[PDB]
Amino acid sequence: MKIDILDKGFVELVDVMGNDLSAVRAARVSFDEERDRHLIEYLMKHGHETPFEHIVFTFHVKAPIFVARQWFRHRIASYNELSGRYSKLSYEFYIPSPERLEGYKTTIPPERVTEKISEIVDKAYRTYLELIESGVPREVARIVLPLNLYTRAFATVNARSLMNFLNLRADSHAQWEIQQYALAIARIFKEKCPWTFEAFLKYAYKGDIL
Amino acid sequence: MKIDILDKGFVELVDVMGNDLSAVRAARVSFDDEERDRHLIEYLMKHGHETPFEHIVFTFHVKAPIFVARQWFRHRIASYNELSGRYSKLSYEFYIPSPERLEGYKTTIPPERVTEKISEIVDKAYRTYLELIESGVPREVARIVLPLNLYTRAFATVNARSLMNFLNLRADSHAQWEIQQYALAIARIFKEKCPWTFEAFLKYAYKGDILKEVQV
Amino acid sequence: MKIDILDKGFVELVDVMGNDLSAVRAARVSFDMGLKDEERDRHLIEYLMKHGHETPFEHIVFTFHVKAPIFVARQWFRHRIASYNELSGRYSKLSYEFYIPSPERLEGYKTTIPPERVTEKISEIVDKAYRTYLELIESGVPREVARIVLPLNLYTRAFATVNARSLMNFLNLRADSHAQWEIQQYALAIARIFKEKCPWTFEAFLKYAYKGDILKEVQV
Amino acid sequence: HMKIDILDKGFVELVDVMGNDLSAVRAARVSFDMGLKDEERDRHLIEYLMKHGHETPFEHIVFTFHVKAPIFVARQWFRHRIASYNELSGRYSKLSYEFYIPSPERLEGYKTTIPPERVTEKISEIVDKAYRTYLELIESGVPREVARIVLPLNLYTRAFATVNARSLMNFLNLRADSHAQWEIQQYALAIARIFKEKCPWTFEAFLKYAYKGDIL
Ligand SMILES: Cc1cc2nc3c(=O)[nH]c(=O)nc-3n(C[C@H](O)[C@H](O)[C@H](O)COP(=O)(O)OP(=O)(O)OC[C@H]3O[C@@H](n4cnc5c(N)ncnc54)[C@H](O)[C@@H]3O)c2cc1C
Ligand SMILES: Cc1cc2nc3c(=O)[nH]c(=O)nc-3n(C[C@H](O)[C@H](O)[C@H](O)COP(=O)(O)OP(=O)(O)OC[C@H]3O[C@@H](n4cnc5c(N)ncnc54)[C@H](O)[C@@H]3O)c2cc1C
Ligand SMILES: Cc1cc2nc3c(=O)[nH]c(=O)nc-3n(C[C@H](O)[C@H](O)[C@H](O)COP(=O)(O)OP(=O)(O)OC[C@H]3O[C@@H](n4cnc5c(N)ncnc54)[C@H](O)[C@@H]3O)c2cc1C
Ligand SMILES: Cc1cc2nc3c(=O)[nH]c(=O)nc-3n(C[C@H](O)[C@H](O)[C@H](O)COP(=O)(O)OP(=O)(O)OC[C@H]3O[C@@H](n4cnc5c(N)ncnc54)[C@H](O)[C@@H]3O)c2cc1C
Ligand SMILES: O=c1ccn([C@H]2C[C@H](O)[C@@H](COP(=O)(O)O)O2)c(=O)[nH]1
Ligand SMILES: O=c1ccn([C@H]2C[C@H](O)[C@@H](COP(=O)(O)O)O2)c(=O)[nH]1
Ligand SMILES: O=c1ccn([C@H]2C[C@H](O)[C@@H](COP(=O)(O)O)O2)c(=O)[nH]1
Ligand SMILES: O=c1ccn([C@H]2C[C@H](O)[C@@H](COP(=O)(O)O)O2)c(=O)[nH]1
């Protein structure tokens with residue numbers, strides 16, 4: 001299960017432990033679909049969130065660094081990222097579509113903004129390559145690369161922390177770019193925990209876009 | 001997978017996400033080579049790179065006396081749901097130490113008498129408790145007369161890194177004996193589900209003294 | 001500042017870092033600003049509380065000294081975003097101190113035996129259990145074993161260091177009628193100290209963010 | 001009140017502190033049912049706790065720092081999850097013309113086919129062209145959160161950081177170390193220096209008994 005985002009990003013489901021019944025078992029402390037769903041909706045509406053900590057996901061995420069800096073602020077989660085200190089860094093950058101500037105009345109066409117973003121990326125990356133080849137250590141050379149460079153990370157997160165993430169990122173105050181990643185997270189979450197996700201939306205979800 | 005502990009306790013594995021390779025994929029950042037993979041497990045553990053191990057997660061169902069659970073729930077990087085005394089009527093189950101538990105200390109009465117003395121008050125406390133329940137005292141007030149050796153039950157979800165920390169501290173002769181026994185059972189399950197992390201852990205990172213002595 | 005709770009319990013404030021302005025200072029870094037103004041700083045607090053920006057309140061930290069029955073400590077220490085150090089029954093000979101509810105503890109429940117009888121029966125097992133504990137000790141039973149006969153209403157003591165965001169989560173859950181009465185009492189006194197040290201943050205919390213019921217009814 | 005300048009334009013500034021060495025003694029002492037004693041006993045205890053890896057008592061010493069750092073430093077630093085951060089937002093403010101230019105001497109030990117000064121120059125040029133593109137996009141009405149994506153990782157950011165002594169010592173183990181990138185090591189040197197000033201006994205004990213790095 002993989003969902004492409006932005007121009008070259010994605011979120012893939014790597015692994016999941018448990019399902020809706022995992023929260024049910026924990027809440028009951030032990031080990032009829034209408035009784036179990038009812039308990040899920042009961043916990044969600046009253047803010048009993050701890051039973052949801054026993055459903056856990058691991059995602060593999062390709063995201064621009066500026067999205068990843070916002071993402072990694074969520075501290076109740078586990079991350080492992082590619083090191084730019086050690087990997088020769090890929091020619092992969094997020095270039096916004098022209099549609100990204102809809103509703104903004106701009107001096108220069110959205111199409112020239114795009115072009116201006118990609119030119120800097122191109123000159124930054126080429127300066128970076130000039131630096132490597134002359135023997136500047138990678139850890140120094142990449143400091144000239146722009147914030148739209150793509151990075152990759154594994155994110156392991158339980159469903160409670162995943163719901164707090166969606167409260168803050170599946171919402172129109174979050175930067176658009178991370179909203180799109182948040183939508184994808186929600187979709188995988190829905191697939192894997194339909195009852196939890198459905199109760200989340202009804203009783204506890206604080207954002208707007210979902 | 002279920003292991004009896006003490007007189008009435010147990011450690012039961014409810015669930016696991018991942019195995020040794022889940023730490024490897026996370027260190028490499030790759031979704032999709034035994035010798036090499038094992039070599040890396042060893043490498044991360046040798047050089048203190050412990051984050052990749054946070055991507056293996058266990059859920060245990062644990063039954064233990066409250067004095068043991070209070071030591072255990074002090075480990076905060078973990079998720080707990082415990083049987084509520086406020087809401088459920090509590091079962092006549094109490095940890096009563098073996099005389100084998102005190103043999104090793106010089107006492108002035110036979111350990112048989114320690115067993116009978118402990119059993120005695122458990123019995124009187126529990127009766128007072130039931131009398132209070134029956135007479136209409138809410139359970140959450142009636143249970144405060146119950147002694148610390150009352151058995152409780154919890155689901156614990158914990159990643160392998162935090163589990164290793166748990167083992168450093170609880171799988172060790174400095175820890176109270178009762179919880180050591182629970183740690184041995186946690187270790188055994190860990191060893192079974194992640195043999196490469198476990199051996200690498202014992203070789204490089206483990207700070208305690210029992211798991212190097214006592215098999216599994 | 002020391003507030004007495006229950007018959008022998010207390011919440012004492014050991015230390016505080018920062019005050020309301022700590023949070024303003026922290027929030028202002030986002031907009032390339034420092035401290036700005038004595039009344040613009042208060043409004044920024046309301047604003048943060050109103051829109052759910054909780055991170056700046058992490059920069060206010062308290063250390064409390066708390067004496068409380070184990071059954072209360074057990075519920076309290078469930079709050080994982082905090083630091084605790086507790087009196088150890090493995091290494092210390094525990095004192096004769098136990099929470100004996102007063103007869104008024106049973107207001108609103110029909111009982112079968114009078115409330116002072118309930119109080120009496122609680123005292124009785126407490127005195128039995130503690131005698132045994134002492135008999136066990138005298139006999140050479142190590143403390144870590146002897147104490148397992150002691151009841152849940154035994155008082156214990158702990159340091160708790162906890163930031164204002166986490167302490168607001170604690171008030172959400174514990175200064176509320178769904179939480180057990182005894183810990184409610186403790187959450188009131190915690191509320192009183194938060195309020196004395198962080199009055200702006202505290203007023204804003206009650207008005208915009210607080211989910212419990214009792215602090216809107218019960219002064220301070 | 002303390003302030004230490006790091007790199008060409010960065011700093012570490014102590015904003016506030018809660019407690020001191022005795023804060024840990026006090027918290028530790030509660031366990032044995034004791035309190036503060038003489039200077040000899042209390043110093044001895046701090047050393048004892050550090051030797052045996054009893055680190056919970058150090059959680060009761062707290063620091064607030066105000067740090068100015070290039071994003072590539074702050075991105076590593078922010079991986080330390082047991083801490084609180086508030087940072088300058090590229091979403092909401094006009095970012096300043098401030099970037100870390102490595103000095104010529106940063107390249108000591110590497111044979112370069114371009115004199116270190118020209119490296120320095122090349123980094124300045126690219127940074128300048130980026131910042132000009134950023135300003136031009138802002139002036140033309142491109143939203144700040146978008147225009148800034150062209151800015152490089154050597155751009156200076158600002159943050160407040162609140163962190164307890166235990167998590168501070170973990171940060172020192174990992175960043176006060178030659179395996180860590182030079183730039184973060186420098187910030188770590190600043191952090192350690194202030195830690196030392198405010199909690200001398202703890203710091204000495206940490207250095208002698210628990211500190212895992214090589215540069216302190
Ligand atoms: C629209 C929006 C604009 C924002 N702008 C800014 C900005 O200007 N500056 C900035 O620095 N960041 C900003 N952020 C980041 C945001 O404030 C948090 O850093 C991020 O959302 C993580 O939230 P969290 O702490 O709830 O999640 P996590 O860190 O994953 O924590 C999860 C939950 O655990 C609790 N918690 C965890 N750790 C602690 C702790 N140490 N103390 C107390 N409670 C804790 C909280 O209840 C929290 O909800 C912004 C976020 C969004 C969505
Ligand atoms: C009225 C009420 C009745 C309850 N009855 C029960 C019961 O029957 N059984 C029982 O076991 N317990 C019960 N509790 C305890 C409850 O389940 C919580 O453990 C406790 O209240 C602490 O709440 P917290 O997790 O919000 O606080 P903390 O554990 O301090 O966490 C605070 C915040 O940090 C975040 N957070 C921290 N760690 C994690 C994590 N690992 N994953 C995701 N998010 C995290 C959350 O956002 C949370 O808001 C009860 C509590 C109350 C108030
Ligand atoms: C033999 C022994 C005797 C002990 N006696 C006492 C006693 O007398 N009194 C007492 O109160 N407790 C005592 N304990 C409990 C002990 O102090 C620890 O709280 C417990 O062992 C869990 O330790 P932890 O913090 O490593 O685990 P967790 O809480 O799971 O934390 C795991 C890891 O996360 C980090 N971490 C998590 N939260 C924080 C934080 N808030 N700040 C900084 N770093 C953090 C640490 O690096 C830690 O190793 C005893 C434990 C043992 C094993
Ligand atoms: C020289 C070096 C090279 C590195 N290269 C890489 C790389 O390629 N990729 C990469 O992603 N990062 C890398 N890092 C970052 C590293 O993986 C950690 O994210 C960072 O060092 C934070 O360490 P920490 O998690 O121990 O500290 P914190 O995250 O603050 O945690 C402090 C302590 O609390 C405990 N703890 C906190 N949260 C949890 C949890 N959820 N589960 C279990 N235990 C917990 C641990 O005991 C930990 O030691 C590198 C770091 C260094 C120093
Ligand atoms: O020494 C390092 C190397 C990597 N990382 C983490 C921080 C980033 O989130 C990610 C990539 O860092 P760079 O290697 O790109 O600096 O890994 C560190 O914290 N320290
Ligand atoms: O109101 C409550 C009820 C329970 N618990 C937690 C504490 C224990 O870990 C467990 C059982 O508590 P009692 O219900 O036995 O008090 O759940 C609370 O934190 N608050
Ligand atoms: O070996 C120990 C000793 C103490 N504690 C913690 C748990 C309780 O919060 C408090 C009291 O524990 P006892 O000494 O009563 O077991 O200290 C432990 O976690 N492990
Ligand atoms: O919507 C936001 C805005 C900011 N931040 C955090 C992430 C960074 O650590 C810091 C600045 O991010 P930017 O505003 O530069 O994205 O604040 C977020 O997490 N989400």
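Worth knowing before you read on, the calculation uses all heavy atoms, side chains too, and leaves out hydrogens, waters and symmetry mates. As the structure lists them, so they are numbered: ligands from 1, and atoms in each ligand from 1. Lettering of chains follows the sequences in order, A, B, ..., and the numbering in each one begins at 1.
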Per-atom contacts, ligand 3 versus C:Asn85 - under 4.0 Å to a heavy atom: 11 (O)

Any non-hydrogen protein atom less than 4.0 Å away from atom 41 (N) of ligand 3: yes

Structural part of C:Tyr91 in contact with ligand 3, heavy atom criterion under 4.0 angstrom: side chain

Region of B:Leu169 that comes within reach of ligand 3 [heavy atoms, distance under 4.0 Å]: both

Any protein N/O atoms within less than 3.5 Å of an N/O atom in ligand 6? List the atom names and distances, or say none.
from, atom 1, to, atom 2, distance (Å)
ligand 6, 1 (O), B:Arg86, NH1, 3.0
ligand 6, 9 (O), B:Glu82, OE1, 2.4
ligand 6, 9 (O), C:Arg78, NH1, 3.0
ligand 6, 14 (O), B:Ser84, OG, 2.9
ligand 6, 14 (O), B:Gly85, N, 2.9
ligand 6, 14 (O), B:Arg86, N, 3.2
ligand 6, 15 (O), B:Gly85, N, 3.0
ligand 6, 15 (O), B:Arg143, NH1, 3.0
ligand 6, 16 (O), B:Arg143, NH1, 3.2
ligand 6, 16 (O), B:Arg143, NH2, 2.7
ligand 6, 16 (O), C:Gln75, NE2, 3.0
ligand 6, 17 (O), C:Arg78, NH1, 3.4
ligand 6, 19 (O), C:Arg174, NH2, 2.7
ligand 6, 20 (N), C:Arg174, NH1, 2.8
ligand 6, 20 (N), C:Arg174, NH2, 3.4

Greater than 12 external heavy atoms within 6.0 Å of A:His48's NE2: yes

C:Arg105/B:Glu140 ion pair, N-O < 4.0 Å: yes

Heavy-atom proximity to atom 48 (C) of ligand 3, best of D:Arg166, C:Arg80, D:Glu55: D:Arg166

Close N or O approach (B:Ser162, ligand 3; < 3.5 Å): no

Ring geometry between D:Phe32 and C:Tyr91 (parallel below 30°, tilted from 30 to 60°, perpendicular above 60°): parallel

Contact check: D:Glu59 vs ligand 3, nitrogen or oxygen atoms, below 3.5 angstrom: yes

Geometric N/O contact B:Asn165 with ligand 3, under 3.5 angstrom: yes

Modelled atom types, side-chain donor and acceptor of A:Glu53 and B:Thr157, under 3.5 Å: no

Where ligand 3 meets C:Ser88 - atom numbers and elements under 4.0 angstrom, heavy-atom basis: 8 (O)

Polar atom proximity, C:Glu86 to ligand 3 (N or O, under 3.5 Å): yes

Closest candidate by heavy atom, reference atom 37 (C) of ligand 3, pool D:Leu49, D:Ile82, D:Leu168: D:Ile82

B:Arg170 near ligand 3 by a heavy-atom separation under 4.0 Å: yes

Polar proximity ligand 3 side, D:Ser31 side, N/O cut 3.5 Å exclusive: yes

Flag if over 12 foreign heavy atoms under 6.0 Å of NZ, B:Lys207: no

Atom 18 (C) of ligand 3: nearest protein contact (heavy atom, Å): D:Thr56 CG2, 3.7 Å

Contacts of type ring-ring contact (aromatic ring centres under 6.0 Å, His included), residue C:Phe159, not counting sequence neighbours: C:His65

C:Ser88 vs B:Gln71, side-chain contact (heavy atoms from CB on, under 4.5 Å): CA-CA, chis, key distance, verdict: CA-CA 10 Å; C:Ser88 176; B:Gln71 287 167 16; over 6 Å; no

Check against side-chain contact (heavy atoms from CB on, under 4.5 Å), D:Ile191 and D:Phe63: CA-CA 10 Å; D:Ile191 291 300; D:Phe63 297 82; over 6 Å; no

Candidate pair C:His79 and C:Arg174, rule side chain to side chain donor-acceptor pair (under 3.5 Å), full reasoning: CA-CA 11 Å; C:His79 295 258; C:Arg174 303 314 181 171; 3.0 Å; yes

Heteroatom proximity flag, B:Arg74 to ligand 3, N/O under 3.5 Å: yes

Close approach of D:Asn164 to ligand 3, heavy atoms, under 4.0 angstrom: yes

Among C:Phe170, C:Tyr84, C:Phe64, the one residue meeting side chain to side chain contact (heavy atoms under 4.5 Å, CB included) with C:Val162: C:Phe64

Over 12 foreign heavy atoms within 6.0 Å of NE2, D:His52: yes

Intermediate values then yes/no, salt bridge (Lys or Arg N to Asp or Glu O under 4.0 Å), D:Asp33 and C:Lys93: CA-CA 9 Å; D:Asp33 212 354; C:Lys93 192 166 86 77; over 6 Å; no

Within-cut-off N or O pair, B:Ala175 and ligand 3, under 3.5 Å: no

Atom 46 (C) of ligand 3 within contact range, any protein heavy atom under 4.0 Å: yes

Donor-acceptor pair between D:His60 and D:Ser23 side chains, under 3.5 angstrom: no

C:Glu182 bridged to B:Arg143 by N-O distance under 4.0 Å: no

